[PDB]
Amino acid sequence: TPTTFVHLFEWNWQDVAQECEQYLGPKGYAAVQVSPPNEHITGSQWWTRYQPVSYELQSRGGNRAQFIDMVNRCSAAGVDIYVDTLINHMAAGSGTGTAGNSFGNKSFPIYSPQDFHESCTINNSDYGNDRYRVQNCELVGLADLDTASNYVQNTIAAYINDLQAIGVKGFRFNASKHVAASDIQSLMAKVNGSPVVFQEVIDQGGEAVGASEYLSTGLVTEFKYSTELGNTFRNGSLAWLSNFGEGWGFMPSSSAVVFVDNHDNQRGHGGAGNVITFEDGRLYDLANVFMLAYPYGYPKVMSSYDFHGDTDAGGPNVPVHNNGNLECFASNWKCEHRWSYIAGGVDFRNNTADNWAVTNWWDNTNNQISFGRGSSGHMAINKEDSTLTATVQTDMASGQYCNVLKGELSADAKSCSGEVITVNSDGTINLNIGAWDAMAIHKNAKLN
């Protein structure tokens, strides 16, 4: 069962199409979030994608034909496409777009100055006490669309419906806290069918606008998850995670989209240094293992590029699939979705989807934890400086299983490529996990 999606940040359409066929489909990823495919301002910075000029599908990722090719190929491989949709604003200032269209003074190919709110600036203090300014003023000078206007709603809905017609299955509504939830309710009434929609709402608490206001229009990004997980893995105790989720004050599990990090917070935009990213190596593997094994929310794995400290920089000048070479793991594309522990965690989640409970939780009161998903699977993380050798109880059938974080079961089910884990006749496992390592086993990776 598909349970996890991935964000292939700044990947062009040809690269995404091949990745769906060679990796994502076979490994079981449910979908892919792509960078904004609509016309945007020229420039090499990654953020140019968030300044639209029109809704024509001509962007840094490729042209319309290439985009369509990608949706078809991915769809054939069993992988959905989620489009990052800009519903709050248009580009700032004046210039030219990726399809040749020029714009200026709040005048675009599809919008006139009267289709925007009167200009004003959102100040940092407005988030805590002025809901009106947060939703009607400009975010960093971006022209603010009059989202209450029937013309504007019809225009955005037509783009969304056009994308569904092509075959797109879902949408990420970017900068949603800056649009009144009621404006989104009206917009959705114009959208055909019921696609998967997740709204980017950054709410850490104490804001004039809350994430709970968006629960009725689709899923919502739970940013507290990313910050609390990072804070616990770096400065707290893993034993504290025994009741992670609604117990910590997060939104309902069935409404939340979660992640260890995202494209914004891994570079400072809306997230502090406690956020864990690819730069943290093994800490990142372990954080992902917990997230994928834990039954809270709909997770999305991050897929980045080494930005070399430059937070405005765009991606590598070389494709991922470069003439038979995979430009992964080095100083170009990081390809975290291909990392053994992460891919292994996705497999665990997919195979324990018939039991969403946390059973037999165990911890050493600090950084050693273990828990199961009933008879469907069991896992353990060791973040202490010495070997975890405790005997833990599971609800699994006795036998030998592959630690899917380090390998996989052969086609004939007679061998594993990584270490074997034994479940004794009484259901117990005598653990043997080194410092900063983990293990996960499930009922569909049992040796014959």
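The numbering used is simple: start at 1 and walk along the sequence shown.
- Per-stretch averaging of Cα B factors for 67-75 and 82-90 places 67-75 on top.
- Higher mean CA temperature factor between 282-290 and 308-316: 308-316, per the PDB entry.
- For the set 271, 236, 113, 372, the PDB entry assigns the largest Cα B-factor to 271.
- Residue-level inspection of the entry shows that, of 232, 351, 204, 135, 204 has the top Cα B-factor.
- Looking at the C-alpha B-factors along this chain, the one for residue 415 belongs to the highest third.
- In the PDB entry, a CA B factor belonging to the lowest third of its chain's modelled residues is recorded for residue 436.
- The deposited CA B-factor of residue 188 belongs to the highest third of values across its chain.
- In the PDB entry, residue 9 places in the lowest third of its chain by CA B-factor.
- The entry lists a Cα temperature factor for residue 297 that places it in the lowest third of the chain's modelled residues.
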